[PDB]
């Protein structure tokens, strides 16, 4: 039927993310501990359960941390590359996934700060080395118009992140899930399916 409750399980965004129908967007930051937690355990299984209905669509939040935009640039490049190649963003071979988890580990587990903003080379190296992509290949791919448009789209992440922090899971660009009220993977997957099929 309909099992979930407006104002508790989810809310409608005042300003929807445009051009996002049939997506599960996850607004996240490399510098976000709960993003790491959810990425390790929840994001994959939930996305798998709803993959027949919505496409998993990461949105990186550039405003958080000293290297938010550098991370966004790398992620945008790596997602574009993975998707060109037909590789799932949860596949062991995903370059996006490798970079993402390398940064999560460095930042959250090893408390790496790469000289507090002054060493973007060192920051980018952590992600690119994990992904197996060269500095030169990254700077060249950054120029791709579709990558630049991804970066423009992700500017929308800030107003969504403000509401209840990150991670912020959004369905069809319209319905924001309350992270603190997520009960389980099985529950969240049904919540996403319910939201995805709203008129």
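Positions refer to the first chain, counted from 1.
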{"item": "Stretch with the greater mean C-alpha B-factor as recorded in the entry, comparing 59-67 against 134-142", "value": "134-142"}
{"item": "Higher-B stretch (mean Cα B-factor, as the entry records it), 50-58 or 22-30", "value": "50-58"}
{"item": "Relative C-alpha B-factor of residue 113, binned into the chain's lowest, middle or highest third", "value": "middle"}
{"item": "B-factor third for the C-alpha atom of residue 196 within its chain", "value": "middle"}
{"item": "Chain-wide C-alpha B factor ranking for residue 103, given as lowest, middle or highest third", "value": "lowest"}
